[PDB]
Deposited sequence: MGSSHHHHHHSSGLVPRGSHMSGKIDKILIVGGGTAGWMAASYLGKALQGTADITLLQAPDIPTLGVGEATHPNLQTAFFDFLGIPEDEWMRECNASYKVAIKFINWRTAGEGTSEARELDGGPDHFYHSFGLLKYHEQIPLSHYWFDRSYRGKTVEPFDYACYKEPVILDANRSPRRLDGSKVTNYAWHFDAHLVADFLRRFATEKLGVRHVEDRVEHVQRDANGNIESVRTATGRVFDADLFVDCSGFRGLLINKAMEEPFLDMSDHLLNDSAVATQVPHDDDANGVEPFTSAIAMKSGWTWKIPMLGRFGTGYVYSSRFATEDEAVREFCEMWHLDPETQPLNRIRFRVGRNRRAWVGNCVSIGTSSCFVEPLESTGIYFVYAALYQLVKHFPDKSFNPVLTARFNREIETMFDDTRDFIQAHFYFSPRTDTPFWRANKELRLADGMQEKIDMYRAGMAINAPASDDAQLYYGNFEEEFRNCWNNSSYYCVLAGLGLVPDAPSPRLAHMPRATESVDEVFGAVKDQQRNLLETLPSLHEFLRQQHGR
């Protein structure tokens, strides 16, 4: 008809559903009735989530929830980077970095800012000097202060609370889902109903009229938010929207994961996510308090579940026959359209990719940001739906492209998995970015090098991220940027810029507490 949305039904009560309830509860507050339907499900182990800095500025801040309120309640730790281990060297799946050229085979994709120098990113000066043999230092150690302090498990804040670098969070998603469920029901008036969808009623325009639950209750709404996970009960099963499998870009479709106890008093806490290259995939390590989550993401085309269970358990010296394990088969890809008619998918009902760059929770609140930006009324103007679906489809495919490049540009050829990855095609948009990168250009350079989710959303994979991963793996431009041969003042003074980085490395290495000591003081 027309008028404002009066009633919203969220189907699904995991992390996405309760993020959707809390974000919509706050954004529309007092002007819509929100109900969430969640059925009891077999519980899983807390295998860990790694996040991005704008989890605080785009989500919890929007809720009005200060970082310390949700941190203490969710037993969270700090993330300063992803550390990529053994992506360039042949061998078994092990937690120890092999040796490369006199050093450990690792590199960092950190959250630090890449400094500009005369309107040109430090990455271009680094490669100019490396190409001409004036340096042999790796890109991440040359252009960021973080690698040196992450090697020493430093805290990102000083013990007086001073923040010295940008950081994200490690936590158990189950605890955040519980925190938000309490927040949404107790403070935003979201109705929780424990029930299982049995039938979805569609009208002759193809919109959802009502959902009937197994107890016979009927829920009607103006807007239906599908947060039912991989099953996609609304968007795929009721609305019949196709899912785009994207196995021609991403071979990984499975995981085996668990949680491992950890003596933080004996070993400290690593302030980073580890992505550890394996024979047929890669393994995440997400440090938490007293434990770490870990999971082997692998490709069913190259390893059986038993082979993956054994490789994963042997690597951590666990018993394959008795270790409590989550065995998962992922749905990799996205719906053809995220929002159809009066049904909006949020979470893995919408899209999923392996967590190689910690996008799972980002995709939820980014989409929720896009839903409110494009919020309809009961007439459901099709431009709003089309302009949202465009944003979701670009957010995902860009991430898909970026992640594929982690495997496509690895030098490894030792197993059928790493060799097969080089036989897939990059998407046209990705290949153009590579052409630019090889031609010495920045890729999606940030407008500034200095909170604003719209800028972050469009430049989420920027020039710093592409250099960190591509140069980390050893793909570097064909030759230096031609604009540097005409800027001898710039290339002569940039020595001071790298020197400022080394000073920060040595000063922060000398004065920062261990992440363990700071975590200990925060309790």
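Missing from the model, by position in the deposited sequence, are residues 1-20, 471-475, 549-550.
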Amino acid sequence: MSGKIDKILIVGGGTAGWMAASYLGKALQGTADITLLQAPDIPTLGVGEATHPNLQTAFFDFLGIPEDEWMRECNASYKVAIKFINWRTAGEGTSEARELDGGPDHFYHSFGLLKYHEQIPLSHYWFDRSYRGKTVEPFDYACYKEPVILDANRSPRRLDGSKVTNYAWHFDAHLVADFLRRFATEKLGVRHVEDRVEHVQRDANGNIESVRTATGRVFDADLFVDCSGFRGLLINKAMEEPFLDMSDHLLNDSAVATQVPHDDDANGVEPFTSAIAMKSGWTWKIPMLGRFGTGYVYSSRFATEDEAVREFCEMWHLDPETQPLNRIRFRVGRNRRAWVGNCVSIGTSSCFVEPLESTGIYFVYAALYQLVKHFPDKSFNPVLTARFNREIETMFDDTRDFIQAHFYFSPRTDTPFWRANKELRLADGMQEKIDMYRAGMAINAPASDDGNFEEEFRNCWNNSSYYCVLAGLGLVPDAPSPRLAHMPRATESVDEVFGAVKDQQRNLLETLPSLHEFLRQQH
From here on, numbers count along this sequence of modelled residues.
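Legend: mean Cα B-factor per stretch from the PDB entry, 193-201 versus 91-99; the higher mean is in 193-201.
Here 156-164 and 212-220 are compared by their mean Cα B-factor, and 156-164 comes out higher. The maximum CA B-factor among the listed residues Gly347, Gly293, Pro446, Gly341, taken from the PDB record, is found at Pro446.
The PDB entry assigns the greatest CA B-factor among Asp414, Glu321, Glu240, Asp401 to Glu321. Annotation for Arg425: C-alpha temperature factor in the middle third relative to the rest of the modelled chain, per the entry. Remark: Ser130 belongs to the highest third of its chain, ranked by C-alpha B-factor as recorded. Ranked within its chain, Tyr437 lands in the middle third, by CA B factor from the PDB record. Among the modelled residues of its chain, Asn86 has a C-alpha B-factor that falls in the lowest third, as given in the PDB entry. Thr35: CA B factor in the middle third of modelled residues in this chain (values from the PDB entry).
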